[PDB]
Amino acid sequence: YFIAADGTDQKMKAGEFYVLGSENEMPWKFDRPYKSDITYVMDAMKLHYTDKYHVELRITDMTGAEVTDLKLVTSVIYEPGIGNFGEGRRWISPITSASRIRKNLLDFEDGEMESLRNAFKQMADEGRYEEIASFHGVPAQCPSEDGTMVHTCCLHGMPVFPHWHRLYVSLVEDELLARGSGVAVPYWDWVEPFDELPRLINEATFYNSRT
Amino acid sequence: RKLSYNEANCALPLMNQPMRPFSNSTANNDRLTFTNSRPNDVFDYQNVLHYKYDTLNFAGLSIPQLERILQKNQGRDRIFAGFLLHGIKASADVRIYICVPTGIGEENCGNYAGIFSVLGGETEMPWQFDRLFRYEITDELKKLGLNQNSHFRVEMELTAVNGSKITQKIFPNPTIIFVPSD
Amino acid sequence: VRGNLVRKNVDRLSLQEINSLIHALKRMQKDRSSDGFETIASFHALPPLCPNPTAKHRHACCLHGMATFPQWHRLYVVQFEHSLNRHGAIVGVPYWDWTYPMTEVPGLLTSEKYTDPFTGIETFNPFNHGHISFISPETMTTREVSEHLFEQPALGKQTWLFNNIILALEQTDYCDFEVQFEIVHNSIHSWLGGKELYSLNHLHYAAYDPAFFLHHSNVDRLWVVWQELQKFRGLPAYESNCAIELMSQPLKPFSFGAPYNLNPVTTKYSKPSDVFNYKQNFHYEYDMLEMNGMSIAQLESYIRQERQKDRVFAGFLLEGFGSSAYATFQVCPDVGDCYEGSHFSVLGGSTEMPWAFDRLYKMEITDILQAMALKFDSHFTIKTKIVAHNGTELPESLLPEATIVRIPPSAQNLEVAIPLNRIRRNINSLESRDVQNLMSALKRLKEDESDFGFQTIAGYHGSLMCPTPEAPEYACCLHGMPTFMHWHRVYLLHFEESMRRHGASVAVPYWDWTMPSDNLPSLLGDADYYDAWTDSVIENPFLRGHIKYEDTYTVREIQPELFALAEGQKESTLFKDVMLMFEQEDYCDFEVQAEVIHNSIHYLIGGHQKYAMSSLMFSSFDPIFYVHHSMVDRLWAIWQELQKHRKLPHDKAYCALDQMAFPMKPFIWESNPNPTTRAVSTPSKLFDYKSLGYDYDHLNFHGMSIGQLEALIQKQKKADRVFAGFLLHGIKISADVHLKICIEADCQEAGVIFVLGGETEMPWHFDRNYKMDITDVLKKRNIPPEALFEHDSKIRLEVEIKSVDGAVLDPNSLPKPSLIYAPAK
Amino acid sequence: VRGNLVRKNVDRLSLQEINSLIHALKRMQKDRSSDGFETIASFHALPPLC
Amino acid sequence: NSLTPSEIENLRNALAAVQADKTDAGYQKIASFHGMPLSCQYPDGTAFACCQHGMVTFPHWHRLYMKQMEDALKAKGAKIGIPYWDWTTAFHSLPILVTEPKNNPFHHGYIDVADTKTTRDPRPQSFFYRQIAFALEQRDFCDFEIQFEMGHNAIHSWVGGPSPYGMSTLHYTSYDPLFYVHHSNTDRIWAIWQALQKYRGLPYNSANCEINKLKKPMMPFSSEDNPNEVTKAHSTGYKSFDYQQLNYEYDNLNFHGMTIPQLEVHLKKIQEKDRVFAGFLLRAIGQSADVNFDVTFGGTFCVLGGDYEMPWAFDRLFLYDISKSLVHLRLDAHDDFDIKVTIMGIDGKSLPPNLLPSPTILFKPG
Amino acid sequence: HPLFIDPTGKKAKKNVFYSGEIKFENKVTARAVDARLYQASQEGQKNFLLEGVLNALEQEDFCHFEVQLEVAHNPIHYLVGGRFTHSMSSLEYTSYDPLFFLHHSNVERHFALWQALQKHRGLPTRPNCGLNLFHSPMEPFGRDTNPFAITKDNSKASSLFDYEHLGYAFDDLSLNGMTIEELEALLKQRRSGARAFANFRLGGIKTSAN
Ligand SMILES: *[C@@H]1O[C@H](CO)[C@@H](O[C@@H]2O[C@H](CO)[C@@H](O[C@@H]3O[C@H](CO)[C@@H](O)[C@H](O[C@H]4O[C@H](CO)[C@@H](O)[C@H](O)[C@@H]4O)[C@@H]3O)[C@H](O)[C@H]2NC(C)=O)[C@H](O)[C@H]1NC(C)=O
Ligand SMILES: *[C@@H]1O[C@H](CO)[C@@H](O[C@@H]2O[C@H](CO)[C@@H](O)[C@H](O)[C@H]2NC(C)=O)[C@H](O)[C@H]1NC(C)=O
Ligand SMILES: *[C@@H]1O[C@H](CO)[C@@H](O[C@@H]2O[C@H](CO)[C@@H](O)[C@H](O)[C@H]2NC(C)=O)[C@H](O)[C@H]1NC(C)=O
Ligand code: CUO
Ligand code: CUO
Ligand code: CUO
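Chains as they are written, first to last, in the deposited numbering: chain W, 1159 to 1369; chain S, 1475 to 1656; chain R, 2083 to 2907; chain A, 2083 to 2132; chain G, 2928 to 3051, 3062 to 3232, 3240 to 3310; chain U, 107 to 316.
Encoded structure:
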């Protein structure tokens, strides 16, 4: 079965299935539809589920010759995510493809800190992290539109401010884990009042147990 | 709240242009950030950037408890100061003072209400917030026994990160907003 | 004590009233006092006095591009008002409202000369123009009229001002109101002023043109309307919660008690906070607080309906520059073709006090995006070109590039004042006049030989005419599938239109067969009636339809069981069947239950006959068809309401998206009488009935509110139930399936289900099985559901299907039932 | 409880009001029932019933 | 829940059956004991209400009382035991059997003494879960009971509301079919605990505090005029601990989704985080009232009581965790706080003030 | 109803009884029923139809029976026909409506009942009233073109006093479940007492009237 639009008209195969049959097989018909998800090919066509798409299929027997004709496929169901806490779902923390856990800096342990330090030191020893800071920093890499002038690349006036830095913290963490970090980049909550700065960043030196 | 979370109803034409340092083939060679450089790509962090936070509760409050607090906050009469901000070529601290008129003659001023910061650098990309930033001055007015109806004005004192060259009248005068309780 | 002055509409002014106005202005124009015209015109802008009259450097006086703009100009009009009232005007300052579409500039504004009817002397019309004293005695204001002033409503389109005036009046926040409001007002300044230097488009000289004060009399009126709206909404009308800071700073030059302002009242209320209560302070009234003839009530309704739509806006951030200019923005997709978006204007001069809006000025582009066939999150941009008064194109760098914001629909109930003739009512509630109106209308329609006629529309269902004529080899009706409801909804719509076309002031009634009925309701039952207006006796048009190509009238052989199905009264089988349908929280699950019951009634009123309601091919020719289909449609509306009451989807459904997109077959074709049913051929569009222009009075099942329905629905889910499942499909004929449960070889009737069909059918297969609970039947035989799982006793279901023409009876071509156990959650 | 009908001045009518008026009278002019134009017109004079 | 028809089916008839025996009680005598009509006498023979709440022997009396009631459906197709509904598990609505308006024996009872059927007025993570779990946490029996009784009567407060004829009142509660069914559950909770102990090697069919009182016999179950031999046999305190010789069984003593062993892990798991509790002294008062806490909301809990009830005072404090309150105010058990309370009567009024003294406020690590 | 449902599905046929077609001039005869015809109401109006024939059944002359029978038979024609010109309401077209004959089978059945009652005891069943009108063959039955000989032979009113030879019989001819002796009991004991009557002098007014 393929999905076709009215426009091009261009098609994309949505997969196949086999139904088993013989000459004297038991009379049978489903009281339920066989569902195949077909969601990927839909997004691949840049085709929203509302635009007119008629569903088309071709059927073959075991030999080469084509069989005609059928079949009722007039139903294309839309399955909403279980997580969006919508009309049909109660509030449930959605299960996601999430690898790394970022945790509170205060909840860190003696080992997890030394792990994070050594991993980042390696990132600092090699020329890497300064290169990442330079995405945001003062050497300007952003000269548009003509360009008269070059600007710092980070976006601060926009509503897409969080998006930019959401990506920044992602980039540094991804490179940090590859440098063997035991944990993802932690958040430290300034929202909780403190008389001093965190262990991790405050003191100029730490005792390294390995060396 | 049943609202948009992985999408934005707000300023749309910004959401499809890829982040300029990340979208650039150089120097971003990390394929992860490169492909997902467009603002809409990075909305659900978990599925795309494969990370999570241990708990998404704030100050020890589960999210239902959070919205409960937030709703109680809206349950009372509150008063705000409106700030129209934009790109200076330097970062600065602006402090809020509540100016109270003295009976005879007219007079003023200084009572410390709050502080907030604006960030910047000489070569930053220019910008202008198209809505007011709000600061709740409600409790400070209460300590002055003041009201939304009572006579007063709000003055900002711009101290930049120089420590010196205390800045002078960069932003429109603070607006005063009153939100009555529901 | 004198009594308030009334600000009349211009065209309403009488010859006496115009006269006193024209002579009064004549004097205050010649008046060199500070009560005079040149002097008051000085208050606004160019001969500046505003920082204070003594300043070395001065700016323009009036407030513009800030929250207190309405207040300043309110007080500025009463300044001009009090002058000419003391100069002998019997009325307040007239307005010309742009709320109504414009065909022309008002007479007292446009005609250069005026003749006094009473003294017969032709003189120069004082309102035609104004003199600018300081420039030269020989210097007058001049005007240029843009055709953008005279726009009239199109098919779907509406005039710029109308859309944008409502857009302002929609706002609930004063500052959000003010920003939208001012720019709406800016339009006339540009449209009457034009590119002329001494005009209304120049901030400097605008007040020197006398039209300024008539125009702003309306600007003031709009604020009073918005003020009135806020009172209606239970909001602060006479106070402003935003920009509180500005409501203290007094209005110049009005604030000067000393020689510059002689008005005692204007000085006293120079504070913008005091400018609010116009009737008590400044003593003036309006004749009518109306937007284009709408009451403030009608206004808010329109407003709330528009808030239900899915809308998207172009946002503009405006910072002020002298001089005045107008902006044009276009909506441009990724492909090169650009479409024209709307346009707006700013008012400015060189001496203006610098101004910046702290919010976005919104423009609606939602109607334009739909024309461009792309949604809100699709790739599209906005290019803006702004030309000055001068007028050279001003750099795109001058104003920040536009933003775009989509506001989601707000799902909540509305009034909504629906035309009396377009509501569908319970057939037993109809008064004698509705009955007579319907009958006269139906007789004419059946007599109609045009395509609008009864034969033609009845031919849409049971034919023989599905695409493409003449290929079929097909029948053209939609069942059984989710799109079944939809098709018959347009069909019923199509019927309602034809009714109205012959003078029906009554929408198609619904007959409630779920209530106990001893016989068919009289409107449908009576054979003939005596007209008084004609001495003739004529037969009820609802009784039978004539089938033209078959040369036979419809027949109604009523099974005694039809009445017996609902004799509960609340224990009635029909009640139980429908409540089980209402429980469904999926649209497709709702549909099968809905249509099976629909087939039940079809069968029982015209049973065991060809050319009857029971036979699918000819049922539409019997007039009660539509009345029945009014009922099933209402049932769906109740479900939609039930669905909206639960958080579940009401306006759309996630089912057969393959069908919902494509529009339906008999209606689309170019050979269709009315264009309206053609427009709504798509199933997606008829999902909500209100948008189609009709409504049911009322929406409740038996004596229960919707909340009470869900309560009784939940209660049924709190008990254990046992269903029999029926996968159904199209046999080439109508049939009744009798269900018997057998505890042993002894069998008793468990229930019955009906099937619609005809020789010319559209082959149909259901998506799931229709359900019917025999739980109460089981409880009657004292076989608790545990025994269903027991090997002994042995129990079975037997089905005897009988053809529409008895018996015949048919060997079993329908799948055998299934036992489904639903434990309470 | 249904709000009072307003008798407006003719020249004051908006396009929406004019339109709904045109279509109403058009139907009631075609309405052959007693609530139609012809029958209501009779109440005044010539086809007499008094 | 999980009932299979006609399992439901048999019972109504049985409940129907005893609605009038009505000789033995038949049901009204069986009702009186918790209910209003006077159970017993001081030696001066003055009216008492032979209700045995407020004391440590609280469960036995009831757990029995179910029995008396339970026996009463005897061979009337009393084919299974009185069911229990786990009020711990959060619930949008009340349970059917006692809801169905028509032809249902569980809707209401009648009262010869008042000429009326019962009236009930319900009033608005799961609160009871948190409240019960604590009770389970405890290891002393006495410590357990105070929480066990208070968790319990929270429902007699909320099911009944403001009707004298109702579950909120001591006087006529016992009359409403809802009452036993709530019980099975209360009893079940107790049983679970016993299993808990047993798991922990603490005494379960015994109890070291107080030796005083378990030995006092219990009327009416004492009384000669109780024509059931069994209850009298265990009329005592110390008997009635082993419910095994009753003889009944609960389908499963598992708190929702937990093996007993699973349960201790849970509690053990809870116990990690340091908590903070408030404990009140509660003591007899004729009326029945609900009490609402404050510092944000800290509330709440209810006390069951009626006219002519034996007076009682708890030996120990009643604890209610208020940690969520502190986080709410962001306090550290360090910053110091005012614990403000309120105490409404079941009838519309009137929140009279203590009465109860002052709440102590105590901290548990951790 | 205007349509007859045959047990066989088939096609519907205009049921012959609803409307008789008037072939000369042009069709048809519908009927505007008057409300008086239906008296199922709780007490009132009283059954005036019954009282009508009940009043004729009491009279023991033929003349008196005849005038009271004929008047009592008019309500049906009037109330069924109603304002409509072509119907039972006028004697000009009433015979074209099939209900006419279903109506007159009853009034003849009443006539039989009366002769039975006179025969009960002990009075003539003969018309002693219109002797001269009895000797002429009543048109158009005595007409030369009569399809049936049985009516042409009995076309004289003289030979129509009895109906046994006319080849028909009624199943009951007892109004409202009353024995011939039960009816006579009511009749005879409605005769007992002081009475008062509205005396009407009637004749043709060239129209039907109430
Ligand atoms: C995508 O990124 C690439 C690089 O990742 C970027 O190209 C870079 O552009 C910058 C900006 O011009 C180049 O910057 C150089 O920086 C050094 C100092 O670090 C300077 O010596 C150079 O010029 C300086 O002096 C000039 C006067 O003599 C000044 O006018 C100028 O502003 C500097 O101060 C020089 O600018 C850098 O070499 C490139 N690198 C590469 C690899 O191209 C590119 O612009 C980005 N593309 C887009 C579309 O954003
Ligand atoms: C630090 O002080 C300097 C002045 O010595 C400020 O510099 C000027 O700032 C204004 C804007 O306020 C600019 O228009 C001038 O071009 C700046 N001149 C120079 C030489 O920098 C600077 O703004 C201050 N920065 C901070 C953070 O206060
Ligand atoms: C027409 O108008 C524009 C602006 O009104 C004039 O240019 C402005 O000149 C001032 C300096 O006096 C600048 O500050 C503005 O930036 C200029 N314009 C804009 C739009 O920003 C222009 O010179 C005029 N040209 C004509 C038609 O005479
Ligand atoms: O700096 Cu750009 O991010 Cu905080
Ligand atoms: O307001 Cu001053 O301009 Cu129309
Ligand atoms: O009409 Cu298509 O079936 Cu009811």
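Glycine residues also receive a C-beta, built at the ideal position from the N, C-alpha and C atoms.
Straight through space, the alpha carbons of A:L2107 and A:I2100 are spaced by roughly 11 Å.
DSSP places G:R2939 in the helix class (H, G or I) of the three-state scheme. Looking at the DSSP output, R:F2657 shares a beta bridge with no other residue. Where G:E3209 is concerned, the enclosing alpha helix (DSSP H) starts and stops at 3197-3209.
Taking CB atoms only, S:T1649 has a neighbour in chain R less than 7 Å away. Rounded to the nearest angstrom, the gap between the Cα atoms of R:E2843 and R:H2811 is 11 Å. With a cut-off of 6 Å, the C-beta of S:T1597 is classified as distant from ligand 1, since no heavy atom of the ligand falls inside that distance.
Residues of chain S whose Cβ lies closer than 9 Å to the Cβ of G:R3274 are, in chain order, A1533, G1534. In this chain, the alpha helix (DSSP H) harbouring R:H2155 covers 2151-2168.
Neighbourhood of U:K258 in chain R, by CB distance below 8 Å: empty, with the nearest CB roughly 37 Å away. Inter-residue distance for R:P2757 and S:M1489 is about 40 Å (C-alpha atoms, whole angstroms). Under DSSP, no beta-bridge partner is assigned to R:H2297. The Cβ atoms of R:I2902 and S:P1487 lie no closer than 7 Å to each other.
Per DSSP, reduced to three states, the secondary structure at R:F2783 is strand.
The closest CA to that of R:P2591, considering only R:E2513, R:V2498, R:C2558, is found on R:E2513. A distance of 7 Å or more separates the beta carbons of G:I2935 and G:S3105. Taking a Cβ-Cβ threshold of 9 Å, the residues of chain W close to R:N2851 are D1189, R1190, in chain order. Taking a C-beta distance under 7 Å as the contact criterion, R:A2540 and R:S2299 do not qualify as a contact pair. Within the model, the alpha-carbon separation for S:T1509 versus W:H1323 is close to 16 Å. Here R:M2373 carries a strand assignment [DSSP, helix/strand/coil]. Residue pairing of U:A141 in beta bridges, as defined by DSSP: absent, with no partner found. For U:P233, the closest C-alpha among the options U:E288, U:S195, U:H210, U:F267 is that of U:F267.
Our two residues, R:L2328 and R:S2115, have alpha carbons roughly 31 Å apart in a direct line. Close CB contacts of S:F1652 within its chain, under the 6 Å cut and outside five residues either way in sequence, are with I1553, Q1622 (chain order). If you compare the alpha carbons of R:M2435, R:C2414, R:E2483 with that of R:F2458, the shortest gap goes to R:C2414.
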